[PDB]
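Residue numbers (the entry's author numbering), protein chains in the order written: chain D, -3 to -1, 1086 to 1178; chain B, 1086 to 1178; chain A, -3 to -1, 1086 to 1178; chain C, -1, 1086 to 1178.
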Ligand SMILES: [Cl-]
Ligand SMILES: [Cl-]
Ligand SMILES: [Cl-]
Ligand SMILES: [Cl-]
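Dropping the structure here:
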């Protein structure tokens, strides 16, 4: 027997908008090295793709941008990865 | 190209092999810790025949249930108690 | 590219870096039988000694550090063995 | 209660009369990552004996680059037999 796990993984499918991009901002970065997932959603822009989809929320943990893992990624590099992502993006996130 | 990769793996348990892999990890997990990894993959088993899962891969979820904060002991039970059809989210080098 | 019934044994020669150390992390349990080998590679840092050498990968099994066997060695003790190792390290590992 | 064990690489050459000059024991039903092969005897005057390192009780971990993880006693014998004349063993010792 064990304590029931609390969190879930979700796949969020978004399309970049010329005006919004993906319509969210991030906070954080790795501190503990290669396996550290330190990136979280800091805000979701009203009327943007993430908002309209409805799933992504401030506080959610960002695990991947399509297949690109954010494990061990700095804040700077995470910004880069999001910027360089194609128009069609699936975010793997964990949620409370 | 330095980033790791996130992949989804769909497996069906087999009578002899189960899912066809073993896991390792500690028992003390912080709420957001992901400490479950693959230690071996059985030749002939579903994981092997599927071809994606490898030793060293990091197990992130089982049928959408996150392994964040989940101990090795709890993860074994989750995998053993899982239905025949499982979708795994993993990270890979 | 499926798993082989026979695994592989490999020697890896690394030099510690002042910032990276050996450039990898390990995982394993704390309870070990005297002959158990429960230590495995969990990550390899891009640009670190292990990465540049190109042999060591996550999932590899750590068998010795400069002839010191990991048999019966707990995760906490293995970390200490890697920390206490000199600059020039020879690893014996097993690989899938 | 006993110090860390020691891993050694032993370089031997097969001999026409002695082979490698040692025998092994172990079970047949190994798990994937089990290492259940051990040295049982070392022949006086054969390669292993002359080399001086290998002793009965030692654990045999590999034959050249072939791991004995999950390898049965039967299969280990065949791995040793099939090996070329130049052989490197990885062993563990007390
Ligand atoms: Cl394996
Ligand atoms: Cl690392
Ligand atoms: Cl890695
Ligand atoms: Cl012994």
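A virtual CB, placed ideally from N, CA and C, is assigned to each residue, including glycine.
Identify the residues that DSSP records as bridge partners of residue i: which are they?
{"i": "residue 1171(D)", "result": "1096(D)"}
{"i": "residue 1103(D)", "result": "1099(D)"}
{"i": "residue 1149(C)", "result": "Residue 1149(C) pairs with nothing; no bridge assigned."}
{"i": "residue 1090(D)", "result": "1177(D), 1150(B)"}
Terminal residues of the continuous beta strand (DSSP E) containing residue i?
{"i": "residue 1108(A)", "result": "1106 to 1109"}
{"i": "residue 1126(D)", "result": "1121 to 1126"}
Please state whether DSSP places residue i in a helix, a strand or coil.
{"i": "residue 1162(C)", "result": "helix"}
{"i": "residue 1144(D)", "result": "strand"}
{"i": "residue -2(A)", "result": "coil"}
Leaving out the 5 sequence neighbours to the left and right, which residues in its chain are closer than 8 Å to residue i when beta-carbon positions are compared?
{"i": "residue 1086(C)", "result": "1178"}
{"i": "residue 1169(D)", "result": "1097, 1098"}
{"i": "residue 1118(C)", "result": "1153, 1154"}
{"i": "residue 1089(C)", "result": "1176, 1177, 1178"}
Give every residue of the same chain whose Cβ lies closer than 7 Å to the Cβ of residue i, excluding the five residues on either side of it in the sequence, and list them in chain order.
{"i": "residue 1123(D)", "result": "1106, 1108, 1138, 1139, 1140, 1141, 1142, 1144"}
{"i": "residue 1174(D)", "result": "1091, 1093, 1145, 1146"}
{"i": "residue 1150(A)", "result": "1163"}
{"i": "residue 1133(D)", "result": "1105, 1126, 1127"}
{"i": "residue 1158(C)", "result": "1112"}
{"i": "residue 1167(C)", "result": "1147, 1148"}
{"i": "residue 1102(D)", "result": "1127, 1130, 1131"}
{"i": "residue 1135(D)", "result": "1094, 1096"}
Residue range of the alpha helix (DSSP H) that residue i falls in?
{"i": "residue 1135(A)", "result": "1131 to 1135"}
Keeping to the same chain, check which residues put their C-beta closer than 6 Å to that of residue i; ignore five residues upstream and five downstream.
{"i": "residue 1156(B)", "result": "1112, 1114"}
{"i": "residue 1161(A)", "result": "none"}
{"i": "residue 1121(B)", "result": "1108, 1110, 1144, 1152, 1160"}
{"i": "residue 1172(D)", "result": "1093, 1095, 1148"}
{"i": "residue 1100(B)", "result": "none"}
{"i": "residue 1116(D)", "result": "1154"}
{"i": "residue 1165(C)", "result": "none"}
{"i": "residue -3(D)", "result": "none"}
(request) Specify which residues have a beta carbon nearer than 7 Å to any heavy atom of ligand 2, listing them in chain order. (result) 1115(D), 1116(D), 1105(A), 1106(A), 1107(A), 1125(A), 1126(A), 1127(A), 1130(A)
(request) Considering only heavy atoms of ligand 4, list every residue whose Cβ is less than 6 Å from one of them, following chain order. (result) 1141(C), 1178(C)
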